[PDB]
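What follows draws every value from the coordinates through simple rules; no lab data is involved. Cβ: placed from backbone, ideal geometry, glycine included. Neighbour counts: every protein chain shown.
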2 protein chains.
Amino acid sequence: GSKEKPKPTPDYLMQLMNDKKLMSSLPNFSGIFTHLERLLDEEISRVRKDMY
Amino acid sequence: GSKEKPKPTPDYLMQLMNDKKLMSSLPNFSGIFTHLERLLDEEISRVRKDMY
């Protein structure tokens, strides 16, 4: 085991929405982080689906 | 449905290891991105567990 994975909530998603936008406003982001972008596209996606 | 989620491979992980380090070398990262850090801690974690 390695780290406990905390639950996804609206708070998680509202912050994700601003993170995904912040990175999109950074043309340097694409070069500095590789998987970080896709992880929003999945996390934002799955957080929206697992929404209660 | 929203976006198809691609499989995790070693290539995914080797790049994650460098992304997680790049962000750790950025004291500005912590302020610019909120969930991006934890998503490595989970993705890197789960990619290592789902390793074949």
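Could you please give the count of residues in segment B:27-39 that are outside any helix (DSSP H, G or I) and surrounded by fewer than 14 Cβ atoms within 10 Å (Cβ to Cβ)?
Adding up the residues that qualify gives 2.
Filter segment B:1-22 for residues that are part of a helix (DSSP H, G or I) and more than 7 Å from chain A (Cβ to nearest Cβ) and give the result.
Listed by number, the residues that qualify are B:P10, B:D11, B:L13, B:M14, B:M17, B:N18, B:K20, B:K21.
Cβ-Cβ under 6 Å, sequence separation 6+ or interchain: first residue in segment A:3-14 and closer than 11 Å to A:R48 by Cα, partner surrounded by 11 or more Cβ atoms within 10 Å (Cβ to Cβ) and aliphatic (A, V, I, L, M). Which pairs?
Correct list of pairs: A:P8/A:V47; A:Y12/A:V47; A:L13/A:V47.
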